[PDB]
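[1] below: the sequence, then the experimentally determined structure.
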Amino acid sequence: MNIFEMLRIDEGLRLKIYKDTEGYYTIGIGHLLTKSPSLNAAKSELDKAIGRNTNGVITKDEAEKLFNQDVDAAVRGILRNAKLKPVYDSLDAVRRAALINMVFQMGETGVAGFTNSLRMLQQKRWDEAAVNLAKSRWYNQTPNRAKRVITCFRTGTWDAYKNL
Ligand SMILES: [Cl-]
Ligand SMILES: [Cl-]
């Protein structure tokens, strides 16, 4: 198991423009296009991202290329973020993957806001951090995914993703 496989399970793969859990235009493997309510604005972002006139549909290869970029960017956002970097550096491989997942989903800013959970992760107080992470909009809106990520923080294993 790895970050790519993990996120592929969490996000799925769709080759046509679609709406995410928040109603935002997205495509591929959870690649957010825009928060604007207009499909045309979404089509425009897509063409700009892919480099061609897409008509809202992409190939698998195209989807995978956006995915590669997005993971890379998440990692880089973590390393450049003063609050996130130290956490990330303190964690083991599985848990680092969990932090990347949250950043991929909610952005560097959103995660950097989980101040208390971050402090707990850094201190390696696993059960306590899992309980704190659950007291969030994130958990209440996407509970199954959140439970999977949280299990990773709690146990340090990929158990929640094995079967899927
Ligand atoms: Cl892009
Ligand atoms: Cl979910």
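    In hand now; what should we look at? Residues are numbered from 1 along each chain as shown. Ligands and ions are numbered 1, 2, ... in the order given.
[2] thought residue 85 was touching residue 79?
    Yes - with contact defined as C-beta atoms under 8 Å, residue 85 counts as touching residue 79 (5.6 Å). For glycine as for every other residue, the C-beta is placed from the backbone atoms N, C-alpha and C.
[3] so the residue of the chain most remote from its centre, which state does it fall into?
    If you look at how far each residue of the chain sits from its centre, by C-alpha atoms, centre = their mean, the farthest one is residue 53, at 27.1 Å. The local conformation at residue 53, judged by DSSP: H, G, I helix; E, B strand; the rest coil, is coil.
[4] give me the neighbour count for the spatially closest residue to it that is not a sequence neighbour.
    Using C-beta to C-beta, 6 or more residues apart in numbering and skipping the chain neighbours, the partner closest in space to residue 53 is residue 47 (5.8 Å). Close neighbours of residue 47, defined as other C-beta atoms under 10 Å, add up to 14.
[5] repeat for residue 156
    By other C-beta under 10 Å, 16 other residues sit near residue 156.
[6] backbone dihedrals for it, please?
    phi 70, psi 20 (degrees, to the nearest 10).
[7] then residue 152?
    For residue 152, the backbone dihedrals (degrees, to the nearest 10) come out as phi -60, psi -40.
[8] that one reaches residue 95, doesn't it?
    Yes - here residue 152 lies in contact with residue 95, judged by C-beta under 8 Å, at a distance of 6.4 Å.
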